[PDB]
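I have placed the structure first, in the form of structure tokens, so that the comments after it can refer back to it.
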Amino acid sequence: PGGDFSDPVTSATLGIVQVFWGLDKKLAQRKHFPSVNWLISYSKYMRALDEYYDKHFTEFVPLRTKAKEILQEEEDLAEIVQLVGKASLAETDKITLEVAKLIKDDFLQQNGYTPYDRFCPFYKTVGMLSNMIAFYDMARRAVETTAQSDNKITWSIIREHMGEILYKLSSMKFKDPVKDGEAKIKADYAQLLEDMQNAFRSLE
Amino acid sequence: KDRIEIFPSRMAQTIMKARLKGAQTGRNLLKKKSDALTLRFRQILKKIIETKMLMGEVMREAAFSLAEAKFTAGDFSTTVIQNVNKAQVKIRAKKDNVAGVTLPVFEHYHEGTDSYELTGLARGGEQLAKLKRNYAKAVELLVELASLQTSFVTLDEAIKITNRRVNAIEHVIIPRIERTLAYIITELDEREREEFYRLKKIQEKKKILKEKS
Amino acid sequence: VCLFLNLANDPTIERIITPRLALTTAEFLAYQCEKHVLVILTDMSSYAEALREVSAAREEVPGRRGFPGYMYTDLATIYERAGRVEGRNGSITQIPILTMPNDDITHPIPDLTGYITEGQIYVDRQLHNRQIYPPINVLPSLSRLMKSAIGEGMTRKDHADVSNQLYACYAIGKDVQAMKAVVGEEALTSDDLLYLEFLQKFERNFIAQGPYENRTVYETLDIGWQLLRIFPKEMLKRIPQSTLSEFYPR
Amino acid sequence: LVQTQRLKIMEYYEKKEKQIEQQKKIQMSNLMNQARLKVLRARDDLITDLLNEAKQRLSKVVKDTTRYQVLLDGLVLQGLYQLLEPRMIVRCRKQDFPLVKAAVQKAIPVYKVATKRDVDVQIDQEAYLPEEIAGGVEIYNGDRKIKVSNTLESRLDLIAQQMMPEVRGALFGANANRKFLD
């Protein structure tokens, strides 16, 4: 009756089912479409699927462990980002608000009538997260080894320098999975990784 | 003013338990954001009286040079008030925040003009530069005192607003959400009690139907 | 282990004789065969949803929050089947498990469990989202008989003084954890950095275990000491000085 | 860094070596588990065949008559005391009609001195107990709505299940760890 777990029907379903694709009404006017919450939504089929992911895909569970965490560290920052407002902040937190923003508009963002976002194949789904987590860990490894030595950097020297890298990392959701070939999409995500391994070596 | 308008139900109990809990998290920010601003507010008072005692020194040691131009050059005050066009020290403003509120702080600047490079060319100009060094490192101090009393009155106004906003939750908002909670747990005890009797009364009417048979 | 599995699609009367089959087996095994039995009752809030269903299908009238009026002396017939006994070498220690609906504590299933049982454990949600296993909160949790299960000749001599020292430094860090966001990193001293560097290693080494790593209690103190070496001996206030001389320098 | 590129490969082959050694203990645990079950089934088979010998030694008494007429005095009067209806009806086998009838006739006065009741108890000559049973009777009430199974196969089933602690204590020894009984 308005999005609660107090009524006897919603609370006595979550004691029975294993997947909860928890949707809210506050997170609907963003034109996000779905209204995914990803804080109260769970899935208890992660232990049963540790054999399918490790055999057929063999890489995905540590990226899924990290990608659920980056969207969680953003939440416990965002109450202070509203009230205090980005003034005296660490620079490892500015990664997990800009890389975390890149997930929330280019990975968990959909629109269902479009010729690229009515089907999302899973090899392209792990192909998009294979680059986004690599950009997060390379932004973290840059900011922690260049924290004391000489010419300490922030994020705001990278996003101005690497603005063309953040276009290819934002134009993965707009590649059509239907017209393009099956292997036409992984090579584009494997050629982009060397435009993400060489690009950081242009700053250091 | 005494209750937030809602009617007692099971769902409306969890929403006024969440809004109370969603207010206690706001006060927990503002209870310590004021003290974090008060943590910087004591240190400016732990700087302003210490800087004021250096002000009593520099205006003596440079004031012990005021004779060291006047025992030598006599009176030269008609030079400094009739021969001046452009000063040397400039002031540029700089913002430098603490904890969500900004603080405008004064910064030194070095213009490159002086209308006093040929002063003392007749009798002596070496004793003037002894005073001139002694007064310039007063302005190299008094730009820090003038920046310290201007970050005082920015943290003096931002603390006296946050408090009126921790107290506006402690004494206005959160007691109103608590008193409507103590009315939902009361009026729903009443709706269970009137349905205690009604579920009991239909049971005796089933017993009247069974002793007939 | 002797496993009693009562399903959800099985009858709701068979859920009410399930913890009574398990506790009569435990009272044979302990008070007549002198074993030490640990009795784990999983989801005791699902017992009380089957007791409320069996009660209303017995044509009884419900009590407070719809639960039966005898709910205090119905859980007590389950929970109070515990403890050691005089003249026998066995015991029964119970670990109930609850599911609080809407994280409510004034619900009558956690209200009466906290009314008969001694302490709580408090699996936390803000640790499960941050990917910590097991997600057990320390700050609200409590064992009311913990001061008798520890000590010399039971666990080890410093188990009292280590635990309340890690409890203080977990609380002082979590204030610094929120305070760091308010003022920033450049405004924290070399005191509030020892508590945020401990806090990154208390959650990922003491709390974090992994599901197959049986840390014995002699190894949960050496874990607990090599976090207490991030601080010098001038900072550890909860530990008395006699065992600080015996356990800190290694 | 030559140290570092060993360990990132070593962690891919300490992880595989922690895996199969876990896979070794699953095989040893799945076989020790069915070890206790296969030996618990070889304790159940010895019991369910001990009752088969008590089902065949039971039918070596129904061949007798001087030891079975005195038994059928028990089983009928045990049923006429359970029902206590003013008109009961006794079922039996085909060839066991006189041993039931001579047990009924000795019972109705012995009933009446013990209960102060009157009965019209008569033997059903239309429907028989099936001959594959091992003896005994069944006593109905007047309109055959409450029945008492006092056959010998349903008496051995009731007796033996309430003697299963005692036959276990005598066959397989005492419990080596059970100190008390209360």
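Chains as they are written, first to last, in this note's numbering: chain E, 9 to 212; chain B, 225 to 437; chain S, 18 to 267; chain G, 228 to 409. By construction, the Cβ of each residue, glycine as well, lies at the ideal position given by its N, Cα and C atoms.
Contact check, residue i vs residue j, beta carbons under 8 Å
i                      : j                      : result
residue 316 of chain G : residue 351 of chain G : yes
residue 78 of chain S  : residue 424 of chain B : yes
residue 9 of chain E   : residue 240 of chain B : no
residue 41 of chain E  : residue 120 of chain E : yes
residue 214 of chain B : residue 289 of chain B : Any property of residue 214 of chain B remains undetermined from this structure, which presents chain B solely from 225 to 437.
residue 37 of chain E  : residue 147 of chain S : no
residue 126 of chain S : residue 56 of chain S  : no
residue 330 of chain G : residue 296 of chain G : yes
residue 136 of chain S : residue 161 of chain S : yes
residue 176 of chain S : residue 238 of chain S : yes
residue 356 of chain G : residue 320 of chain G : yes
residue 266 of chain B : residue 297 of chain B : no
residue 114 of chain S : residue 59 of chain S  : yes
residue 104 of chain S : residue 51 of chain S  : no
residue 232 of chain B : residue 407 of chain B : yes
DSSP state of residue i mapped onto helix, strand, coil
i                      : result
residue 213 of chain E : It is not possible to answer for residue 213 of chain E, since the shown part of chain E is limited to 9 through 212.
residue 160 of chain E : coil
residue 111 of chain S : strand
residue 377 of chain G : strand
residue 240 of chain G : helix
residue 65 of chain E  : helix
residue 267 of chain B : helix
residue 41 of chain E  : coil
residue 149 of chain S : coil
residue 233 of chain G : helix
residue 392 of chain G : helix
residue 101 of chain S : strand
residue 212 of chain E : coil
residue 92 of chain E  : coil
Where residue i falls, given that 16 or more other Cβ within 10 Å makes a residue buried
i                      : result
residue 102 of chain S : exposed
residue 27 of chain S  : exposed
residue 308 of chain B : exposed
residue 362 of chain G : buried
residue 118 of chain S : buried
residue 82 of chain E  : buried
residue 32 of chain S  : buried
residue 84 of chain S  : buried
residue 264 of chain G : exposed
residue 455 of chain G : Residue 455 of chain G is absent from the structure shown; chain G starts at 228 and stops at 409.
residue 313 of chain B : exposed
residue 266 of chain S : exposed
residue 367 of chain G : buried
residue 158 of chain E : exposed
Chain-order list of residues whose beta-carbon lies under 8 Å from that of residue i (same chain, five-residue window excluded)
i                      : result
residue 168 of chain E : none
residue 213 of chain S : 190, 193, 194, 197, 205
residue 188 of chain B : Within the shown structure, residues of chain B are numbered from 225 to 437, placing residue 188 of chain B beyond reach of any answer.
residue 139 of chain S : 153, 154, 157, 158
residue 136 of chain E : 114, 115, 180, 181, 197
residue 107 of chain E : 78, 140, 143, 144, 147
residue 318 of chain B : 328, 329, 330, 331
residue 35 of chain E  : 43, 44, 45
Own chain, CB closer than 7 Å to residue i, minus 5 neighbours either side, in chain order
i                      : result
residue 40 of chain S  : 56, 95, 98
residue 234 of chain S : 172
residue 379 of chain G : 285, 361, 362, 363
residue 141 of chain E : 71, 74, 75
residue 242 of chain G : none
residue 371 of chain B : 329, 330
Chain C within 8 Å of residue i, Cβ atoms only
i                      : result
residue 238 of chain B : Annotation note: the requested chain C is absent from the structure, which comprises protein chains E, B, S and G.
Residue i Cβ short of 7 Å to the ligand NAD heavy atom set
i                      : result
residue 420 of chain B : As presented, the structure is devoid of all ligands, the ligand NAD included, so that no description of it is given.
Cutoff 6 Å; reference residue i; Cβ partners in own chain excluding five residues on either side
i                     : result
residue 92 of chain S : 129
Taking contact to mean 3 or more Cβ pairs, one atom from each stretch, closer than 8 Å, check whether the stretch 311 to 329 of chain B and the stretch 377 to 385 of chain B are in contact. yes
Flag this pair as touching only if the stretch 171 to 178 of chain E and the stretch 148 to 161 of chain E have three or more C-beta atom pairs under 8 Å; answer yes or no. no
Below 8 Å, can you find three or more Cβ-Cβ pairs linking the stretch 84 to 99 of chain E to the stretch 127 to 139 of chain E? no
Tell me, please, whether the stretch 275 to 291 of chain G touches the stretch 299 to 315 of chain G by the rule of three or more beta-carbon pairs shorter than 8 Å. no
Cβ contact check for the stretch 46 to 53 of chain E and the stretch 21 to 30 of chain E: 3 or more pairs under 8 Å: yes
Check whether the stretch 249 to 257 of chain S touches the stretch 216 to 227 of chain S, counting contact only when three or more Cβ pairs, one atom from each stretch, lie closer than 8 Å. no
Contact the stretch 332 to 344 of chain B vs the stretch 276 to 292 of chain B: 3+ CB pairs below 8 Å: no
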